[PDB]
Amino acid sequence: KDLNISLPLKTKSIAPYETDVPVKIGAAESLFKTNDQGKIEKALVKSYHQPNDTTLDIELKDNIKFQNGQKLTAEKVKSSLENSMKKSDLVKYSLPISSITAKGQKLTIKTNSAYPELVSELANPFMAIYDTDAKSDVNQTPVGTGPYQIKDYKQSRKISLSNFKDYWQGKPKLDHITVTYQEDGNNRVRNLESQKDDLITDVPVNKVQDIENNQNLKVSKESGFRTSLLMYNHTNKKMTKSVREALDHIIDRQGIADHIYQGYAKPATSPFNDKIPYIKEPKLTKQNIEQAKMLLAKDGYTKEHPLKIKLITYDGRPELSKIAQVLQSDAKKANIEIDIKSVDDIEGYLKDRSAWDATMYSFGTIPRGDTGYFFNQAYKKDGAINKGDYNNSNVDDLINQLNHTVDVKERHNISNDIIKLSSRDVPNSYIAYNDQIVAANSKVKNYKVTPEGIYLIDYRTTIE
């Protein structure tokens, strides 16, 4: 039983602290997880307690081994977390840990002050546990506790995994897994249709009908918590508030949702899906080309002297470049000349902030039930996913207050305050809350398509 998977968004390093792919493909696990309904659960943890607000006491399960046969102990968890914190800003900024002590299966994690979201962020896949004493490169073949061990990695191309027979939860159902990267969603579907691959993610919405028609294949949709957007580069002085507001008004969100996503998305306002009951969304921006033209006039742009925008896009999320095309067309009516640059390695490209004005983008904005992760990583300076370097001290203050706020209703309140204040800045233009669409050979069973948009393979995934 060999499973062939095709994924977009090629990786360089596949250290767990560099990408969620090891968790996705069943190689690694974090201390906590979210379940099918998106709620935080103990995973590797047998018990935990929080005797005060600066102390987290954890007891690990006693029956868990890494794929090399080494026991999962508190010392191994300590060294893993500490290495990940040292090696990744994302991890570091999500885990304000002041000290860790360990003995046997118990560890104690301390902070300097109350950080209510610490436990939640220990379910983050970037915090997955690996063996720091493994005598192999963690960037190529990390050793985890998951059901499938990474055996070979051809960088940016292909990952080969094998059944870890002593996997703690159950004997995994597949013999091998082969993961190959393919950025073009139409190619991913062709690969599925030709049986080159068995399981693919991020199915282009215009191929959904074809896959539904095909009795050899099946489609799963899940509304979840991913948001597409137009992301602005705030380090470029020409990307003023008026320019951001103008572009916000050239977007037709209802049209994009109806016709580009073909109803597999809802028009977006804030970063966060409006399905979440406590979120107070800002008002929906409706396309207004005349308004955009007026906003650009404030900056001196005219038909004779238009604004020039370099807009980056990428194929991985198939609808993004379709949005870019209609943005380009409509923007011309508002005296903006957009040049679209499609790139193969989007994060590699955006690292050079001299090379772009704006980019199509996609965020997992609330993977573990709380808005804090997104605010800290996306809206704070040097936040790990803040590719356009948005920062506003007034927003910072509220985020900082949020981070120490224990009462949940008060967190919801401050969060809505952050949404309201930041929305005035147009940090990004959030376009759609769009479904994750996964497709597979009908023989492939028990993979995950759940709202957090991270998990896929577990020990029950199989071929029948």
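Residue numbers run from 1 along the displayed sequence.
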Give the stretch, out of 277 to 285 and 198 to 206, with the larger mean C-alpha temperature factor in the deposited entry. 277 to 285
Comparing 156 to 164 with 226 to 234, where is the mean C-alpha B-factor higher? 156 to 164
In the PDB entry, which of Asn416, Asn63, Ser422, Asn403 has its C-alpha at the highest B-factor? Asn63
Which of these, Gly170, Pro267, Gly104, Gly372, has its C-alpha atom at the highest B-factor, as the entry lists it? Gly170
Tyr181: CA temperature factor from the record, placed by chain third, in the middle
Would you mind checking where the Cα B-factor of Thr19 ranks among the modelled residues of its chain, as the lowest, middle or highest third? lowest
Classify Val444 as lowest, middle or highest third according to the C-alpha B-factor given in the PDB entry, relative to its own chain. highest
Lowest, middle or highest third: where is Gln436 by Cα B-factor in its chain? middle
Test of reading the entry: by CA B factor among the chain's modelled residues, which third contains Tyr301? highest
